[PDB]
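Beneath this line is the structure, given in structure tokens, with notes to follow.
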Ligand SMILES: *[C@@H]1O[C@H](CO)[C@@H](O[C@@H]2O[C@H](CO)[C@@H](O[C@@H]3O[C@H](CO[C@H]4O[C@H](CO)[C@@H](O)[C@H](O[C@H]5O[C@H](CO)[C@@H](O)[C@H](O)[C@@H]5O)[C@@H]4O)[C@@H](O)[C@H](O[C@H]4O[C@H](CO[C@H]5O[C@H](CO)[C@@H](O)[C@H](O)[C@@H]5O)[C@@H](O)[C@H](O)[C@@H]4O)[C@@H]3O)[C@H](O)[C@H]2NC(C)=O)[C@H](O)[C@H]1NC(C)=O
Ligand SMILES: *[C@@H]1O[C@H](CO)[C@@H](O[C@@H]2O[C@H](CO)[C@@H](O[C@@H]3O[C@H](CO[C@H]4O[C@H](CO[C@H]5O[C@H](CO)[C@@H](O)[C@H](O)[C@@H]5O)[C@@H](O)[C@H](O[C@H]5O[C@H](CO[C@H]6O[C@H](CO)[C@@H](O)[C@H](O)[C@@H]6O)[C@@H](O)[C@H](O)[C@@H]5O)[C@@H]4O)[C@@H](O)[C@H](O)[C@@H]3O)[C@H](O)[C@H]2NC(C)=O)[C@H](O)[C@H]1NC(C)=O
Ligand SMILES: *[C@@H]1O[C@H](CO)[C@@H](O[C@@H]2O[C@H](CO)[C@@H](O[C@@H]3O[C@H](CO[C@H]4O[C@H](CO[C@H]5O[C@H](CO)[C@@H](O)[C@H](O)[C@@H]5O)[C@@H](O)[C@H](O)[C@@H]4O)[C@@H](O)[C@H](O[C@H]4O[C@H](CO)[C@@H](O)[C@H](O)[C@@H]4O)[C@@H]3O)[C@H](O)[C@H]2NC(C)=O)[C@H](O)[C@H]1NC(C)=O
Ligand SMILES: *[C@@H]1O[C@H](CO)[C@@H](O[C@@H]2O[C@H](CO)[C@@H](O[C@@H]3O[C@H](CO[C@H]4O[C@H](CO)[C@@H](O)[C@H](O)[C@@H]4O)[C@@H](O)[C@H](O[C@H]4O[C@H](CO)[C@@H](O)[C@H](O)[C@@H]4O)[C@@H]3O)[C@H](O)[C@H]2NC(C)=O)[C@H](O)[C@H]1NC(C)=O
Ligand SMILES: *[C@@H]1O[C@H](CO)[C@@H](O[C@@H]2O[C@H](CO)[C@@H](O[C@@H]3O[C@H](CO[C@H]4O[C@H](CO)[C@@H](O)[C@H](O)[C@@H]4O)[C@@H](O)[C@H](O[C@H]4O[C@H](CO)[C@@H](O)[C@H](O)[C@@H]4O)[C@@H]3O)[C@H](O)[C@H]2NC(C)=O)[C@H](O)[C@H]1NC(C)=O
Ligand SMILES: *[C@@H]1O[C@H](CO)[C@@H](O[C@@H]2O[C@H](CO)[C@@H](O[C@@H]3O[C@H](CO[C@H]4O[C@H](CO[C@H]5O[C@H](CO)[C@@H](O)[C@H](O)[C@@H]5O)[C@@H](O)[C@H](O)[C@@H]4O)[C@@H](O)[C@H](O)[C@@H]3O)[C@H](O)[C@H]2NC(C)=O)[C@H](O)[C@H]1NC(C)=O
Ligand SMILES: *[C@@H]1O[C@H](CO)[C@@H](O[C@@H]2O[C@H](CO)[C@@H](O[C@@H]3O[C@H](CO[C@H]4O[C@H](CO[C@H]5O[C@H](CO)[C@@H](O)[C@H](O)[C@@H]5O)[C@@H](O)[C@H](O)[C@@H]4O)[C@@H](O)[C@H](O)[C@@H]3O)[C@H](O)[C@H]2NC(C)=O)[C@H](O)[C@H]1NC(C)=O
Ligand SMILES: *[C@@H]1O[C@H](CO)[C@@H](O[C@@H]2O[C@H](CO)[C@@H](O[C@@H]3O[C@H](CO)[C@@H](O)[C@H](O[C@H]4O[C@H](CO)[C@@H](O)[C@H](O)[C@@H]4O)[C@@H]3O)[C@H](O)[C@H]2NC(C)=O)[C@H](O)[C@H]1NC(C)=O
Ligand SMILES: *[C@@H]1O[C@H](CO)[C@@H](O[C@@H]2O[C@H](CO)[C@@H](O[C@@H]3O[C@H](CO)[C@@H](O)[C@H](O)[C@@H]3O)[C@H](O)[C@H]2NC(C)=O)[C@H](O)[C@H]1NC(C)=O
Ligand SMILES: *[C@@H]1O[C@H](CO)[C@@H](O[C@@H]2O[C@H](CO)[C@@H](O[C@@H]3O[C@H](CO)[C@@H](O)[C@H](O)[C@@H]3O)[C@H](O)[C@H]2NC(C)=O)[C@H](O)[C@H]1NC(C)=O
Ligand SMILES: *[C@@H]1O[C@H](CO)[C@@H](O)[C@H](O)[C@H]1NC(C)=O
Ligand SMILES: *[C@@H]1O[C@H](CO)[C@@H](O)[C@H](O)[C@H]1NC(C)=O
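Chains as they are written, first to last, in the deposited numbering: chain P, 520 to 557, 564 to 664; chain U, 520 to 557, 564 to 664; chain V, 1 to 52, 52A, 53 to 72, 72A to 72H, 73 to 82, 82A to 82C, 83 to 100, 100A to 100F, 101 to 217; chain H, 244 to 306, 309 to 321, 321A, 322 to 398, 410 to 507; chain D, 2 to 211; chain S, 32 to 137.
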């Protein structure tokens, strides 16, 4: 275990842990609450690099976390979707990918049409599914 | 009622309200949308203290809200967990704590092993529970 | 968790009236109720009334709600969670049936299902509503009745005869010696004069170099005389 | 748990405070440590005294350029007879304010004994006088006239204080860079309540007969402590965990 | 008190005992919650049961109970010697006060009988100065708590110097008592020798001095 | 008794810490005469309504000498004063030999 501890292991192992990566993603001991505590101008070059790094920290976290909210998966770490898998994406079989490719390799295998999957993802799970209440919310 | 209105009342009362504290946690009338509106250099000492305070505002909100998301409790304000309570934490009984300690006192009673509870919290409710679909997601 | 200690031994003539006090510590005096219960000679402990240090609403029993009025002041904080307070209780018109031991005790919990019941109890106060007058006690030595002292250790004590009113205890010089000493219950003569005895369980060895002075602290009489044991002895 | 403090004015003052906050009870006395003769003493009133100050000099403005755009504003030529700057204190109002303090100080210093007030005691000329700013010109008033009486064992006249003026200043003992305050053209008059005080030692009298307290606004941060005695900021922690016999759905 | 308790009940070590308390409809326990108290006489009392079945903090699970349609009960399991004392009870609602009981004498039998270390105590040299005759005697750790008063004043019968006084429970959870002598110095000095009579069923080993 | 843990978001608890605060004041100098040395050209406007809650049952301990709001105050004024003098006329040429005289002793 550890942060990215299973980065080189098979995809089945990264499926098993996963939180250790998600936990250490927003806040860090490195930030350490700023201030010297314990000259009186904090306009130094260091303060500029820190604050612009604290911004992109939450700017990149919220850019990805906004994606989880529009897919109905905000509350959980792994959610299933109602989008069928299209064979043009990969020809490999069920146990052939989860035990032989590792995630590091997999991100390069879908990076071509990865944005296209994201487009179809907002539709089937939250554009129609959240709409389907119309008939079932009350009759 | 009011912000922290039940801070001194029993834990059963803070359980009853609670939102008033959670509501006034991220945004404030104090921030008041900056700008003078209604010399042309906004590099003043005031602008530095304000912006660094607006950052730690959402930096502390998202650091705690990230914890609610990895526990499956993001969508709600009070969620139950599947972690059994370990007697070494407190020897007191069910009605003995909720009617006699107040939260202010309680945070000091668990602050020693509070981080250890958080560790076990990610596991039983989201490391196993979100994984349990494997068998039940489809057979 | 904090010893609510009651100050007492105050006793007067029937119908005189008196106020009793109980000093608190070790808990937030603000929002725990404080109760008053007594046990009389004819048994049957009787709850007097409860009172809340906040707001001040009180409900006293109907049997005493016309002659008993109890009030209480505020508290001084020590920490955020502890404080020191005190409670008072006033009564009017009393007779021998009102004689007995009186306890003040902290209300159990800070909730709405059950609070009026006590939890932690005071040390108690012995009230005497007797028409008899105050009398200083009489101190007498306890003779060295021969007892086995194998290992060089033997018991002794000092006797108290004919005293009134209320009982008192026996102490030692400069404290130190409190464990393993046994003073015996008070006695009621048919004459109306009380008496009591003390017996210490410490090494006595040979009489002389060790300390054998028994200390006595008392009532209306107070104390000045603390007598030792006379030297002539057996074995 | 107010979200915002009260109206705090940054009254740059020395020894005596102006335009401050006062609690309702009789004058308050706050020390980090009483009996450490050394630590200074803040004093909050219950009713403020009114002291008005005015500079009778009629300064004319003479702007002389020293290069481009830059213009030095020198004192011109005075109009009218030269008059020294002054401060008025209602002697009636002052005698009782000084009395209520020695009554509160009684229960904090040797109970009933002799309490005297002396003029500043040692130090530099600008820190031992009631320095402050007014309208732009900086006054330094002789406080020896207010801390001279001593009471112990249980239309109207008005005290006045002599004051001199300085145009060269670098405050907070800041040796980095000093500033020249240009003379204010026209008439000067300040009228501010005096609400606080600052006191100091009686040397190192080992026990003995009596206690004396002379003013010494040695530092500037204590002036704001007279306005911030009641406030303190805290960090809210919204995350609490507690047990109850309640668990969510079994499988999911 | 308009309530009745189980009066005197007994029990053996390592076993259980149950005490009942009940009353009429005014003070009934159908709806009013019930609390119980441990109360050594004279000593400071102790709370044991506060909300029907739920036991007070720190109290061992040795104690239980239950509430029915007409009475409430208290179950003490694995009786140890400490339980030998008096217990009470009080009925109440949330807004009302306590209404206490009448009392329950509990005796824990099956204990080993201990032999009391008995000592006679003669008068002192400072006591004869006051002309008040008094003679006592001590007993401790002699369970059961049964006593017998008897004195011999030079083999002559006594009816005025014999003072039969109350026994007390020792701090060691055993029993203790003492008897006293009220006489005049004339009839006192006319009898120089004295004897102590402690009727304790066992061996004839009693201290007897003049 | 199978006691389970349960989470609560918004619990009223706090710990003593000191963060960075900021300015607040309403309509003050404005058009007729502005350029105040302290309030600068703009401070965040204060809300007309002040929020005060009388926290009940609480007995928090204060300390006014170990409080850091006064030290934040101190370093703010110094940096605020120096910022209001930095862009102005420097009087370095004023250091010359000065020949001066009294005035009307008569
Ligand atoms: C922090 O400060 C707070 C104050 O802000 C302190 O809070 C006080 O805490 C004490 C602790 O005991 C409370 O004392 C009693 O509370 C009782 C509550 O009983 C309610 O809940 C129980 C179960 O928990 C129910 O059984 C009760 O009745 C239910 O069932 C009945 C049938 O059997 C129904 O008929 C009924 O409708 C209900 O469903 C009940 O719900 C309370 O009973 C008791 O009352 C006594 O004081 C009263 C004072 O005023 C109360 O009542 C009036 C009406 O009479 C209301 O208008 C008021 O709002 C208030 O409730 C008095 O009137 C009664 O005659 C009794 O003498 C006690 O109130 C305090 O209530 C509570 N403070 C306040 C504001 O009342 C807190 O202690 C402190 N700090 C800490 C940490 O302790
Ligand atoms: C801080 O310090 C600053 C320093 O600058 C102060 O500012 C200064 O203030 C003084 C005040 O005295 C000013 O002096 C003034 O000068 C003007 C201009 O000079 C003309 O008049 C002169 C007259 O002589 C003076 O002294 C004699 C001595 O007895 C007096 O009797 C007389 O009244 C005067 O005060 C002339 O000498 C000069 O010469 C030319 O014109 C003459 C015109 O005729 C004059 O003299 C004849 C005799 O020759 C007289 O009969 C006739 O009445 C008249 O007086 C001519 O004759 C001669 O040949 C030349 O051609 C000028 O005409 C005077 O008018 C004022 O009277 C006064 O002396 C300073 O000027 C001024 N500084 C500056 C910037 O210049 C400042 O005041 C101080 N702080 C304060 C408190 O404000
Ligand atoms: C500190 O010193 C300053 C500088 O002197 C003092 O400032 C001046 O003080 C005086 C006296 O207190 C004030 O009173 C008078 O003001 C009159 C008005 O002058 C102003 O307006 C004029 C408009 O027209 C007026 O004057 C013309 C003639 O020119 C008339 O025909 C017409 O009817 C009006 O009356 C402007 O032209 C002028 O520039 C002013 O803006 C003055 O007329 C009057 O002058 C008399 O006194 C002068 C000495 O002060 C003397 O030299 C003249 O010969 C004449 O006798 C006088 O000035 C001023 O208002 C005031 N301001 C200014 C800018 O001068 C200040 O008062 C002083 N502090 C104290 C303690 O008083
Ligand atoms: C030296 O001390 C004297 C005596 O205090 C001062 O004279 C007082 O000056 C003060 C302020 O300079 C005046 O105080 C207040 O005036 C209020 C004006 O009314 C309303 O509108 C204003 C503007 O919107 C609001 O700010 C204000 O809150 C009101 O809504 C009064 O209404 C105030 O009275 C009562 O209510 C306020 C509301 O919170 C309370 O805070 C007050 O304690 C009070 O209960 C208040 O009076 C005052 O009128 C003057 N007189 C007196 C006798 O106090 C000198 O000004 C002062 N000098 C300096 C510079 O310190
Ligand atoms: C601007 O205004 C200031 C203040 O008024 C003046 O300073 C004064 O100047 C005068 C004259 O220069 C001084 O008075 C002189 O005192 C000399 C003796 O001084 C000693 O003793 C006195 C007390 O008796 C002490 O105060 C002083 O410190 C010394 O210890 C006299 O001797 C002087 O008189 C004559 O002889 C001397 C010596 O030969 C000459 O130098 C004189 O010119 C004169 O012929 C004279 O009385 C005074 O002490 C200074 N200060 C005080 C206290 O007022 C400035 O001089 C003045 N400038 C102008 C241009 O006016
Ligand atoms: C995602 O999908 C995109 C297409 O949308 C893929 O893009 C291809 O990327 C590769 C690698 O970057 C491109 O390869 C090219 O390599 C060039 C050098 O050699 C190339 O040409 C040699 C001879 O060229 C002849 O034959 C080719 C055959 O296509 C013709 O195109 C030529 O015109 C000539 O007739 C070949 O032998 C050799 O294999 C190479 O093709 C270089 O100069 C180019 O800049 C380029 O890098 C390829 O061209 C891109 N796609 C197409 C079809 O043109 C991308 O890889 C996909 N990613 C994943 C991982 O899925
Ligand atoms: C969380 O859990 C931690 C442990 O992991 C707890 O940490 C304890 O914190 C307390 C208070 O801060 C420590 O107390 C110590 O106090 C010292 C001063 O007096 C101490 O020693 C006196 C005599 O010492 C003898 O006996 C002690 C007994 O332990 C020995 O350790 C010594 O070596 C000596 O033989 C005692 O009479 C007195 O009670 C104190 O113990 C001070 O000098 C220390 O710096 C320290 O503050 C305690 O030591 C810490 N833990 C342990 C076991 O060492 C923490 O409180 C827990 N928090 C909560 C609220 O649960
Ligand atoms: C502390 O306060 C005390 C008073 O409580 C004060 O003692 C007083 O000092 C004043 C001023 O020095 C004295 O008044 C003088 O008395 C003498 C005669 O003794 C007169 O000659 C003086 O008159 C001249 O000076 C006056 C101005 O001071 C002029 O107005 C006058 O026209 C004269 O030129 C003057 O009246 C006063 O006598 C004493 N004593 C008392 C009881 O008032 C003491 O000085 C103060 N100490 C300090 C350092 O503050
Ligand atoms: C400060 O300077 C001011 C003047 O600028 C002095 O103020 C005036 O003080 C007198 C004292 O008698 C006041 O007189 C009386 O005031 C009352 C109201 O308080 C009024 O009812 C009477 O008719 C009479 O006027 C006068 O009003 C007051 N002026 C104002 C408007 O404040 C003040 O005394 C000086 N400070 C000192 C040290 O005295
Ligand atoms: C709150 O009440 C509960 C019961 O409802 C208490 O939990 C129980 O506490 C008793 C205390 O004696 C535990 O009994 C055990 O007895 C053995 C005897 O050998 C002893 O070794 C143990 O240390 C313990 O005392 C009982 O097992 C326990 N039950 C459980 C699982 O919770 C609780 O302790 C009460 N809280 C307090 C301390 O006020
Ligand atoms: C997958 O989608 C692509 C683009 O629409 C389409 O060309 C392809 O035929 C699809 N394959 C299937 C049958 O899932
Ligand atoms: C609680 O957890 C601690 C640490 O693993 C363990 O020592 C203790 O025995 C546990 N108590 C129980 C039985 O829940």
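Every residue gets a Cβ at the ideal spot worked out from N, C-alpha and C, and that includes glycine.
Contact criterion: CB-CB distance below 7 Å. Does residue 176/D meet it with respect to chain C? Reference to chain C is not applicable here, since the protein chains of this structure are P, U, V, H, D and S.
Would you list the one or two residues that DSSP bridges to residue 45/S? 491/H
Got a sec, what are the start and stop residues for the alpha helix (DSSP H) residue 444/H sits in? That residue, residue 444/H, is in no alpha helix (DSSP H); its beta strand (DSSP E) goes 441 to 454.
Looking at residue 76/S and ligand 4, is the gap between the Cβ and the nearest heavy atom below 6 Å? no
Could you tell me which residues DSSP pairs with residue 295/H in its beta bridges? 332/H and 446/H
Beta-bridge partners of residue 80/V, as assigned by DSSP: 20/V
Residue from 180/D, 34/D and 131/D with nearest C-alpha to residue 71/D: 34/D
What's the call for residue 635/P, buried or exposed, on a 16-neighbour Cβ count within 10 Å? exposed
Classify residue 501/H: buried if its beta carbon has 16 or more other beta carbons within 10 angstroms, exposed otherwise. exposed
With C-beta atoms as the reference, is residue 49/D less than 7 Å away from residue 37/D? yes
Do you know how far the Cα of residue 599/P is from the Cα of residue 601/U? 11 Å
Report the start-end ranges of each alpha helix (DSSP H) in the stretch 565 to 652 of chain U that is 4 residues or longer and not cut off at the edges. 570 to 594, 619 to 623, 629 to 635 and 639 to 647
Let me check you understand the geometry: is the CB of residue 34/D closer than 6 Å to at least one non-hydrogen atom of ligand 1? no
Does DSSP classify residue 228/V as helix, strand or coil? For residue 228/V there is no data in the structure shown, the boundaries of chain V being 1 and 217.
Between residue 51/V and residue 71/V, how many whole angstroms is the CB-CB distance? I'm expecting something under 8 Å. 6 Å
I believe residue 212/H touches residue 436/H by the beta-carbon criterion, under 8 Å. Please report the beta-carbon distance rounded to the nearest angstrom. The structure shown does not extend to residue 212/H, since chain H is modelled only from 244 through 507, so no value can be given for it.
Just reading off the beta strand (DSSP E) that residue 478/H is part of, what are its end residues? Unbroken run through residue 478/H is the alpha helix (DSSP H), 476 to 480; no beta strand (DSSP E).
If you follow the beta strand (DSSP E) that residue 414/H is part of, which residue opens it and which one closes it? 413 to 421
Listed from N- to C-terminal order along the chain, which residues in the stretch 526 to 547 of chain U have their beta-carbon within a distance smaller than 8 Å of any beta-carbon of chain V? 529 and 531
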